[PDB]
Structures are given as structure tokens and as C-alpha cells.
């Protein structure tokens, strides 16, 4: 009964959350190259996936939700899937970690000063020149 109501409230909050992620991705693409995004993952101790889209996705997620901590069981990298985060690590050379959670451990995402200023650096900072006047 009110289960439906609760679901709808959640759906609305999820739409807002996904809108935010879309905006963060749209803004990162304006100022960061794939190289810049890899550096951001590396700095926050996240694995760098293959594929330019996956790199962008994991940076924007990190900036919205915080940096994922390594798996507490195997120290592998947790990855978002539609229904939960899943560890991708190896317990042994012959056994995969099965860790899965909707509430993974986080720490705050850190954006270093050089990246905080990256739009200014790329778009506004120029070497001083002399004014030229029309003949």
C-alpha cells in the first residue's frame, strides 16, 4: 500500500541523483581529458578501467558519492553494477571475491588544487601581451 508511495519517493530521489551525475559528467567533459580523469582515479586510489566512458563514469561517481575504499576482505576494487557494488578482487589465484553491497565503505573524494583550477588554466590563463592599436 504505502510500499508504492515509498517506492515513488525513492524513484524521485534517484532521478535527482542521476540528473546530478549527468551534469557532473557533462561539466567534466568540458575541462578534463581522459588523461586528466585517469590521474584523478589514480590519485583517489581507484583502478583505471579500460574505455574512456568507464573512466568518466567512475570519476563522476567518485565526485558524487566519495572514493570507494578497497574491499575489506581481499583489497580488490569494488565496481558499481545496477543492483549493488561488487568486488572484482581475487581471494586466491583460484578463488574470486564474492563481496557485494549497496553501502560500500567510502572516504571523501579529493580533487587536487591543480585540477580544481583546471578550467582557468586551460581557458583563461594567458601570457601577457601588448595592446595593438589600429593603423
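Numbering follows the first chain given and starts at 1.
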Margin query: Could you place residue 110 in the lowest, middle or highest third of its chain by Cα temperature factor, using the values in the record?
Written below: highest
Check: With respect to C-alpha B-factor, does residue 131 fall in the lowest, middle or highest third of the chain as deposited?
Finding: lowest
Check: If you rank every modelled residue in this chain by C-alpha B factor, which third holds residue 103: lowest, middle or highest?
Finding: highest
Check: Going by the entry, which third of its chain does the Cα temperature factor of residue 24 land in?
Finding: middle
Notebook entry, point to check: With respect to C-alpha B-factor, does residue 88 fall in the lowest, middle or highest third of the chain as deposited?
Noted result: lowest
